[PDB]
Each structure stands twice: as C-alpha cells, then as structure tokens.
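One structure is given here, and the rest of the page talks about it.
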Amino acid sequence: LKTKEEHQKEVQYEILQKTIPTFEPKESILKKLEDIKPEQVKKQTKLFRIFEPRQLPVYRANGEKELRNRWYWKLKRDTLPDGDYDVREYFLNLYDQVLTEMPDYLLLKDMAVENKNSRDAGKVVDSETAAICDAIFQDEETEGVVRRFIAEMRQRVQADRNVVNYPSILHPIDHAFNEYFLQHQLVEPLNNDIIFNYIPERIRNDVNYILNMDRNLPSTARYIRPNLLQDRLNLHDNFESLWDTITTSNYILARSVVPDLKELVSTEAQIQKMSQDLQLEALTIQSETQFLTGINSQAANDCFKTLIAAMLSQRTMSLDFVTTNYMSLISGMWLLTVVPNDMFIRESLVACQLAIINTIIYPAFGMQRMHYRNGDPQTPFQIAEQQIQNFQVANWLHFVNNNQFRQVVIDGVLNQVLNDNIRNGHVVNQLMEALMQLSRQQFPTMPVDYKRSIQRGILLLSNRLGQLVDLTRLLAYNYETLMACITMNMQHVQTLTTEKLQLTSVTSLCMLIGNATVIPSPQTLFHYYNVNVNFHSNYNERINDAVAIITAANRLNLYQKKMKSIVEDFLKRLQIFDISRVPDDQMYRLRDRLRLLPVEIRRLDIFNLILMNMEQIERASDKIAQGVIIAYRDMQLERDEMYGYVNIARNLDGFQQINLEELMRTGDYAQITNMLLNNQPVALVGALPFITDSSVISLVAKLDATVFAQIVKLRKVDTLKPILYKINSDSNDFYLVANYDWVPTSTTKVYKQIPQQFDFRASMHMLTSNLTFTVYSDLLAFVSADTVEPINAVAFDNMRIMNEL
Amino acid sequence: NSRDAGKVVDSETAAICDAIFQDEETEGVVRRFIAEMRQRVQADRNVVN
Amino acid sequence: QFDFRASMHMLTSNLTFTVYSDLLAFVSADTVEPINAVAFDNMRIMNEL
C-alpha cells in the first residue's frame with residue numbers, strides 16, 4: 001500500500017514546490033553566494049563627450065558662397081530615431097548607458113597629451129582637446145588674443161598638496177557631465193582606525209581571538225564603502241514565497257561555516273552499553289533491532305550543524321520521530337529546553353509535547369491520559385504546568401514554556417538572542433532534577449517489565465549531567481560568535497518549507513559528545529562575514545538600480561513599457577532566485593513596493609542633468625525636424641547664414657497644433673482629414689525626418705504641399721517627409737533667383753534650429769583632480785588573526801566552556 | 001493596437017477588435033475606444049479586471 | 001445590431017490559486033505502543049494475565 005500512499009503524497013508536495021523559487025538541487029546554492037564579486041572599480045581612460053566642433057560653409061545674404069568658414073557645434077553620432085515616442089525611449093537608453101560608464105574615481109595625470117604649440121611645457125587633458133587646439137592656431141580666422149593664449153596656457157601640478165589642474169576644450173553639456181564625475185567622487189580615505197572599526201565589536205572584544213594589524217597603510221590609501229542599510233522592501237511580512245528562498249539560501253551558507261565535532265565517544269562502546277541497560281529482548285516490542293539505528297558518528301555532526309544553522313538564519317524546523325521508541329523521546333526533552341519554542345512549526349511541537357506527557361510524565365504520576373483538542377491556544381506543556389503537583393517537574397515545565405528569542409539591537413542590526421540561563425548551561429542542572437525524580441516514581445499501572453526499561457532509559461541521560469551542561473555551553477557559544485558577523489537583519493517569521501530534524505539523531509548527539517571543544521577558526525569567521533557583506537551590498541545596489549529606471553520611465557511618460565520585465569531583471573541579478581517559479585501575485589506586490597521608494601542621490605543628479613538638456617540634444621541633430629507648418633498662403637523665404645535661402649520656422653505661434661504622437665495612438669483621423677480636405681492652416685507637431693532638395697524648379701512647381709495627401713488615403717502617419725528648400729550657389733538653375741525679378745516663396749515651412757557657434761571664451765575651463773590614489777578591495781587581509789589554544793577557550797563568563805577536563 | 005500593451009480576455013475578443021480597427025469604414029469614435037482597452041491589476045486583494 | 005461601446009464587459013476574477021486534491025497527504029500519523037492502548041474508560045485493553 002506504501003507505493004500508493006507515497007506517490008499520492010509526493011504529487012501534492014510538488015504542487016507547493018512549484019511556487020517556491022528555490023533550486024531543486026539544494027546544495028547548488030552554496031556556489032552562488034561565494035562567487036558574488038563586491039563591486040567594480042572603474043577608471044575612465046578618456047573624457048565623456050557628446051558634441052564636437054566642425055566646419056560648415058557660410059553663404060551671403062544673396063546666394064554667393066563666402067570664403068571664410070565658421071566653427072559650429074554639430075554633435076557626433078546623430079543617430080536619433082523617428083517619432084516622439086522613439087525619441088523619448090532613446091534618451092532612456094542614454095541614461096542607462098551613462099550609469100555603467102560613470103566612474104567611481106577619475107584620475108587626471110594618466111590622461112594628458114602634450115600641447116605641441118606651447119612655448120614652455122604645456123599639457124592639455126585629452127587627445128581631442130589637443131586636436132581642437134592645433135586646428136585653431138593654424139587657422140588664420142581666429143583673433144590674435146586667442147592665438148597667444150593657447151601657447152601661453154599652462155597647467156599647475158602640485159605633488160605636495162596632491163592636486164593637479166589641466167586645461168580643456170569642452171561643450172557646456174559635457175562640462176556639466178565631466179564635472180559631476182570629478183567633483184562627486186566615491187573614494188574615501190582609509191587608515192588603521194577604519195579597519196579596526198570594520199571588524200565586528202563582539203569579536204574585537206573577545207578573549208580567544210587575538211587580532212593584530214601588521215601592515216602599514218600609506219597616507220594616499222582610499223577605499224569604497226559598502227552600502228549596508230536595511231531592506232526597504234520588507235520582504236518578510238507579505239511575501240510568504242519570496243522569503244522562503246532567502247531563508248533557505250542563508251541556511252545552506254551557515255551549514256558550511258559551523259565546525260564539525262571531533263573526538264567523540266566511540267560508537268561501538270556506547271551502543272553495546274546502551275543495549276544492556278534497556279534490555280529490549282525481554283520486553284514485548286515489535287521494533288527490537290530498531291531502537292539503536294540512528295546512533296552514528298556521521299549523524300551526530302548533522303544535528304550539531306542543523307541546530308545552529310537553522311538558528312542563525314531564522315528557519316522553521318519540524319520534528320520527525322517514532323512515538324513507539326521512547327529513547328528518542330527522552331532526548332526530545334533536552335531539545336525543547338534549549339532550542340526556543342518559536343523555532344519549530346506548531347503542529348510538530350504540539351505533537352512532540354503531547355507524546356512526552358502522554359507516555360512518560362502522566363503515567364509516572366498516575367494521572368489520566370491528557371485529552372487534547374487540536375484547536376487550542378494552549379500548548380500541552382502549558383496545561384500540565386498547572387495540573388501537575390510536583391515541584392521539580394512543574395518548574396522544568398515553566399522554563400520550556402517561557403524560552404523564546406529576546407529581540408535586541410546590537411551595533412545597528414536586530415538579532416534574536418538566547419537568554420542568559422541557556423548560555424550559562426545552568427538549565428540542564430534543573431532538567432537533571434526533573435528527570436531524576438521522574439525515575440523514582442512508581443508507574444502505578446504499567447507492567448513491571450516495561451516500567452523498568454523506561455526507568456533505565458531515563459538514567460542514561462540523568463547520569464550524563466557533566467557532559468551535557470558542557471554541550472549547551474558550546475552549542476550556545478558557536479551560535480553566539482557566528483551571530484556577530486550577520487550584516488542583514490535577523491527577522492523571524494514562519495516559512496513555508498521546514499528543514500526536517502530527526503529526533504532519532506538528536507539521541508546520537510546527547511550521548512556521543514566528548515570533552516573536545518571546537519571554536520570557529522578566524523579565517524573561517526572572516527569568510528562568513530565577507531560573504532554576508534557582499535550579498536547585502538548587492539541587494540541594495542540592485543534596488544537602487546531598479547528604482548532609478550522605474551522612476552525614470554515614468555518621468556519621461558513611457559507608456560507600453562512593461563514594468564514587469566524590470567522586476568524580473570531585478571530578481572535575476574540577485575543570484576539566488578529563479579524567475580520561472582515566482583508566483584504572479586508576488587510580482588505585482590514587488591512592483592508596488594518598488595515605486596514608493598525614493599531614488600538614490602547619485603542616480604538622480606544624472607537624470608536631472610539629462611532631462612534639463614533633452615531638448616538641446618534633440619534639436620541639434622540633423623536628419624530630424626520638429627514639425628511642419630502648413631499656411632495655404634504665400635510667404636517669402638527668409639535668408640539664412642548656413643542654408644542660403646531656406647524655409648525654417650522659429651516658433652509655432654498663432655497656428656493650431658496637432659500632436660502627431662497622440663494621432664498615432666488613438667487612430668482618430670476625423671479632425672486632421674477635415675483640416676486637409678478643406679484649406680485651413682494647421683501646424684503638425686512631432687519629430688519628423690525630411691528631404692533636402694535644392695532644386696529651384698522644385699519650388700516653382702510647388703512640390704512642398706503635395707506630400708500630405710498620404711495621411712488622408714491611408715491611416716498611417718509614419719510616412720510623412722516634408723521637403724526643405726536649401727537654395728545656394730551650388731544648386732543649379734540658380735540663375736532664376738539672380739537675374740529675373742521675383743522673390744522665392746513656399747506654401748509650407750518646417751520647424752528647425754541653428755547650431756550654436758564656437759566661442760573660445762566659454763568652451764575652455766580647467767579641470768582639477770588628484771594626482772595618485774590606491775583603491776583597496778578587501779579590508780580584512782590587513783588584520784592578521786590567530787586563535788588561542790582550544791583547551792583554554794572561555795565563554796561570556798571567564799569560566800571555560802567544556803570544563804570536564 | 002492600444003495606447004499601452006494591454007491584455008483582452010479571449011482570442012476571439014482580440015479577433016473582433018482587429019477586424020473593426022483595420023476597416024476603412026469604421027468611424028473614429030469606435031477606433032478611439034479600442035486604444036483605451038487595458039487591464040487593471042490589484043495586488044493588495046488579488047483581483048484583476 | 002452590434003454596438004461596440006455598449007457590448008463590452010469588464011470580467012473579473014482572482015490572480016493566483018493553488019488547488020489541492022488530497023488533504024490527508026499532508027498529515028502523517030503514528031500510533032502509541034500497543035501495550036499502552038486505552039479504551040473509552042481510561043484503563044487499558046488486554047491487561048489481564
């Protein structure tokens with residue numbers, strides 16, 4: 001029947017597991033935490049430039065080409081898209097690019113090309129900075145006050161005060177961009193008082209671990225501080241499936257750190273003695289050879305690691321036992337008096353507390369069997385704490401009812417700490433007195449054969465007093481000295497899946513321990529710290545990057561952008577989750593809580609520096625124009641200095657504006673067809689391309705007004721391309737404008753701008769940075785740590801742990 | 001064809017949304033109504049519309 | 001007739017369930033040692049010699 005009950009059991013446990021985002025090989029997560037690199041230091045090799053100077057031909061008032069050319073600020077890489085939604089999506093891809101290009105520290109001495117025109121030794125700050133300077137000197141059009149200056153300009157390096165300034169030639173948009181990487185550094189000075197503070201206070205004030213600093217740090221040593229603040233997304237109150245991963249992933253790491261026991265009692269001498277005191281053959285017992293199956297040397301090290309690592313990461317822990325086997329139930333009395341009661345799941349704490357009372361305690365004192373109802377607020381150790389009439393047993397039942405974790409805030413973080421009576425090991429001196437008097441009780445109805453074997457199974461634990469006080473002084477010290485290096489917050493809720501603890505193998509710990517104390521090694525204790533800081537600083541550097549995109553997509557008015565794709569990329573870079581098992585209920589709570597957080601200070605001043613200049617980069621591009629204006633009347637072409645005769649628009653004043661972005665979303669073409677079927681003046685607003693046709697006969701034939709009929713025939717607006725007349729001297733058929741008596745006119749014109757000229761006095765400035773840094777990555781490679789000899793290891797009081805020697 | 005990338009509830013519902021949008025005789029009031037057709041997800045109480 | 005703006009409806013339901021077909025696969029029961037098996041009166045059954 002067991003193949004039918006188990007394949008029905010294992011098909012319901014699979015439905016729950018497909019909503020938990022942990023990995024199905026459990027021990028695979030340990031590689032995924034120990035490989036998280038802290039950060040990347042980024043030194044910029046070259047300056048950040050958007051604009052560049054160029055030469056463009058300049059024409060006269062009438063169409064004659066002039067010899068002297070002028071320097072304009074036309075930008076490089078003018079690959080701007082088409083349409084106002086595709087333009088505002090391009091600037092998000094610029095802001096997402098600058099955040100990875102942004103340096104933490106920017107030195108300036110290693111980026112300096114010499115100025116080949118200076119009288120003395122002159123140096124400029126980039127290769128492009130020297131490239132503009134030699135183009136201005138040899139060109140004769142510049143004033144002599146500019147030509148004498150670029151030879152007389154000179155840097156000032158000071159190696160004593162560790163500063164240096166260098167000249168530059170930059171656009172004002174790049175000047176505001178390069179200053180922000182240069183004024184707001186990330187590096188902070190480092191000395192021996194910071195490494196002595198980066199170590200935790202509970203290990204620095206410990207007696208066993210001696211900590212000395214044996215390396216000299218220079219005066220110019222900098223470091224980057226880890227961002228360790230608590231979780232602004234409270235992932236433990238309503239995310240009942242996303243917290244089970246973080247609790248599992250912090251439990252597998254803490255099993256690889258806690259040391260394994262050494263020098264145990266020999267397992268062939270204990271079982272051969274334990275089988276003599278119980279006398280299992282003479283009883284009426286079905287499981288004769290099954291009482292002593294779990295006593296092992298490989299299963300005592302498991303319940304020492306399971307009991308600590310499910311206590312450092314607040315992981316629930318069920319019980320697995322057989323209520324027939326009373327020896328695995330007496331060793332369940334020690335588990336409850338030490339491990340706090342809120343750790344176990346309630347249905348497995350009640351099922352263990354009921355089996356202890358209804359088999360061992362209440363048959364001893366001669367009371368009735370405890371009728372217990374499962375829908376009760378009182379655990380069975382709280383009901384029999386009053387109905388029992390002893391004092392040794394009614395005082396042990398009062399401690400096990402009232403041991404939990406007492407929350408306290410040490411050095412910034414909250415951590416669940418045990419009470420003072422368990423860390424002292426003194427409680428087992430009370431459990432010995434509650435278990436010795438229960439061994440003298442006559443079991444007034446039990447058969448004499450079964451009573452005499454449950455009185456000698458008790459005296460196998462009451463006679464082990466000196467080496468069981470010496471256990472819980474060590475079990476509460478390994479947890480206490482590993483809790484010091486916990487950077488994340490130690491919150492406590494009930495998880496969904498539980499790590500099963502077997503009470504058969506807790507029996508293998510209480511009577512196989514010896515007088516050999518083990519403490520965590522200082523190289524182990526400094527590695528469990530550096531994994532926890534590298535994961536907690538990575539958890540706060542993805543929240544700040546997922547908020548700064550979700551917010552910046554909402555300021556730019558980007559509809560049809562799936563915000564769920566950003567949360568899946570936030571959960572992916574947190575290297576312990578997978579995405580294919582997260583429920584869709586908790587992906588819309590994670591988007592609800594990520595919008596309410598404020599954006600980080602250094603990721604906001606970059607976005608405010610783009611949104612202020614988003615219209616200056618869009619208008620300065622070629623191959624794009626910000627709308628066409630139809631007039632349906634004659635208007636003369638104004639003359640320009642870089643296009644000759646041109647139809648440009650300086651403002652959309654007086655004319656009714658129709659947004660071509662909104663006209664594409666809705667599809668309502670009832671107005672713009674009615675404006676075009678009649679002859680009514682209108683102004684289309686958008687980001688359109690254009691064709692630049694210099695033909696004079698293309699103006700007499702009036703080819704400008706014929707391109708708008710495609711809007712009426714077919715409902716698409718993407719195929720709009722107005723013409724832009726550029727009548728120069730180089731355009732043939734120019735003799736009509738010169739010789740004949742007529743002014744050039746066009747029905748429509750186009751909205752466009754003229755690029756900013758090159759002024760020398762506003763394009764140069766001096767950039768001031770430092771001379772030499774040294775950025776160190778890890779800090780606990782300077783502290784050289786050694787432990788004391790393990791025999792002389794002392795607890796929080798100076799009496800030593802494991803004092804049976 | 002919506003203002004933002006929404007989700008209608010059936011494949012037959014989206015088939016008679018595209019059949020009226022791509023006609024040449026559908027008036028602009030109905031063609032403006034299909035663009036304003038998206039879903040609303042609430043995560044406090046787990047309901048969608 | 002078919003009018004588009006008056007024939008739509010805003011259908012609603014939950015986001016996520018997780019249904020379970022067998023409930024007694026979650027609990028796991030065992031029995032107290034059969035010498036100490038207790039009848040409706042609190043003395044045991046089969047106690048005599």
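Just so you know, all these numbers are worked out from the coordinates, no wet-lab data involved. Every residue, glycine as well, gets a Cβ built from its backbone with ideal geometry; the counts of neighbours run over all protein chains shown.
Quick look at the numbers
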{"item": "Whichever residue in segment B:24-49 is over 16 Å from the mean Cα position of the chain (by Cα), more than 10 Å from chain A (Cβ to nearest Cβ) and of a type outside the set (A, V, I, L, M) and, among such residues, is surrounded by the most Cβ atoms within 10 Å (Cβ to Cβ)", "result": "B:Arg45"}
{"item": "From the options A:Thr359, A:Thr379, A:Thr306, A:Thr323, residue that is closer than 22 Å to A:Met490 by Cα, surrounded by 17 or more Cβ atoms within 10 Å (Cβ to Cβ), β-branched (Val, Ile, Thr) and touching a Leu at 6+ places or on another chain (Cβ under 9 Å)", "result": "A:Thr306"}
{"item": "Test: A:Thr673 is of a type in the set (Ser, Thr, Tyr), touching a residue at least 12 places away in the same chain (Cβ under 8 Å) and either touching a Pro at 6+ places or on another chain (Cβ under 6 Å) or within 26 Å of B:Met37 (Cα to Cα) (or both)", "result": "yes"}
{"item": "Positions within segment A:25-51 being among the hydroxyl-bearing types (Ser, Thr, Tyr) and in a helix (DSSP H, G or I), in sequence order", "result": "A:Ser28"}
{"item": "Residue match in segment A:52-62 (condition: small (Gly, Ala, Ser), surrounded by 12 or more Cβ atoms within 10 Å (Cβ to Cβ) and in a loop (DSSP other than H, G, I, E, B))", "result": "no"}
{"item": "Exclusive hit being in contact (Cβ under 8 Å) with a residue 12 or more places away in the chain, within 12 Å of chain C (Cβ to nearest Cβ) and surrounded by fewer than 21 Cβ atoms within 10 Å (Cβ to Cβ), set A:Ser348, A:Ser297", "result": "A:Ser348"}
{"item": "Candidate set: segment A:575-619, residues that are without any contact (Cβ under 8 Å) to a residue 12 or more places away in the chain and acidic (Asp, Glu); chosen: the one nearest to A:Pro103 (Cα to Cα)", "result": "A:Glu615"}
{"item": "Near pairs, Cβ below 6 angstrom, 6+ apart or cross-chain, from segment A:448-470 (aromatic (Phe, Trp, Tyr)) to any residue that is buried (at least 18 other Cβ atoms within 10 Å of the Cβ) and not in a helix (DSSP H, G or I)", "result": "none"}
{"item": "Qualifying positions in segment A:212-231 - in contact with a helix residue (DSSP H, G or I) (Cβ under 9 Å, 6 or more places away or on another chain), surrounded by 15 or more Cβ atoms within 10 Å (Cβ to Cβ) and not in a loop (DSSP other than H, G, I, E, B)", "result": "A:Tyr223"}
{"item": "Top-ranked residue of segment A:546-586 - restricted to ones that are under 16 Å from the mean Cα position of the chain (by Cα) and part of a loop (DSSP other than H, G, I, E, B), ranked as farthest from the other protein chains (Cβ to nearest Cβ)", "result": "A:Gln575"}
{"item": "Some residue of segment A:183-193 being in contact with a strand residue (DSSP E or B) (Cβ under 6 Å, 6 or more places away or on another chain), without any contact (Cβ under 8 Å) to a residue 24 or more places away in the chain and not in a strand (DSSP E or B)", "result": "no"}
{"item": "Odd one out for A:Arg60 among (1) under 30 Å from A:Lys721 (Cα atoms); (2) within 14 Å of another protein chain (Cβ to nearest Cβ); (3) without any contact (Cβ under 8 Å) to a residue 12 or more places away in the chain; (4) not polar (S, T, N, Q)", "result": "(2)"}
{"item": "Residue match in segment A:746-754 (condition: under 54 Å from the mean Cα position of the chain (by Cα) and among the aromatic types (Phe, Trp, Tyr))", "result": "yes"}
{"item": "Helices (runs of 4 or more DSSP H) fully within segment A:375-482 counting 2 or more residues that are within 14 Å of chain C (Cβ to nearest Cβ) and either more than 14 Å from A:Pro340 (Cα to Cα) or under 42 Å from the mean Cα position of the chain (by Cα) (or both)", "result": "A:448-454"}
{"item": "Hits in segment A:120-150 - residues which are β-branched (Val, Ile, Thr) and in a helix (DSSP H, G or I)", "result": "A:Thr129, A:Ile132, A:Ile136, A:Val145, A:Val146, A:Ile150"}
{"item": "Close pairs (8 angstrom Cβ cut-off, 6 or more residues apart or separate chains): more than 10 Å from A:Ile576 (Cβ to Cβ) in segment A:17-37, among the acidic types (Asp, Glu) and assigned to a loop (DSSP other than H, G, I, E, B) anywhere", "result": "A:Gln17/A:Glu24"}
{"item": "Which listed residue is in a loop (DSSP other than H, G, I, E, B) and either within 14 Å of another protein chain (Cβ to nearest Cβ) or exposed (fewer than 13 other Cβ atoms within 10 Å of the Cβ) (or both), from A:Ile20, A:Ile15", "result": "A:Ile20"}
